[PDB]
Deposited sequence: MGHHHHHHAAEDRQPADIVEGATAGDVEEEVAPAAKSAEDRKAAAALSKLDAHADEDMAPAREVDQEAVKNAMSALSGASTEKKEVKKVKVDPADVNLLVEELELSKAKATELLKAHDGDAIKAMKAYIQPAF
């Protein structure tokens, strides 16, 4: 935080430290198949993924663990 030398290196820290109607309208304008718990536990251990990513991966392939694992190890 604002170290003395160079003055600027201190400054680098320092720099780093009504027609509404169209707008309002513009802004208002601006705005599952049950899964097996064990499959999720198998993938977490063997792919070393978080429970979230393991579940998500299974969900991407309709709970087919063998399909999901085969897909994941395919290279670009």
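Practice item. Write out the missing regions of the deposited sequence in sequence order, one range per stretch. Key: Missing C-alpha atoms (numbering from 1) occur across the ranges 1 to 32, 50 to 63, 78 to 87, 133.
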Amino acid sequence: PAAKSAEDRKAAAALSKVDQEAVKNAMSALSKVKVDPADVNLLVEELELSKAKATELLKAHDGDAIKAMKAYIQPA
From here on, numbers count along this sequence of modelled residues.
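**Study point:** Higher-B stretch (mean Cα B-factor, as the entry records it), 8 to 16 or 52 to 60
**Key:** Looking at the record's C-alpha B-factors, the answer is 8 to 16.
Review point. For the stretches 63 to 71 and 20 to 28, which has the higher mean C-alpha B-factor as given in the deposited record?
Key: Going by the record's values, the stretch with the higher mean is 20 to 28.
Exercise for review: Would you check the entry's CA temperature factor for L42 and let me know if it's in the chain's lowest, middle or highest third?
Suggested key: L42: CA B-factor falls in the middle third of its chain.
Practice item. Place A3 in the lowest, middle or highest third of its chain's C-alpha B-factors, as listed in the PDB entry. Key: It belongs to the middle third of the chain when residues are ordered by C-alpha B-factor.
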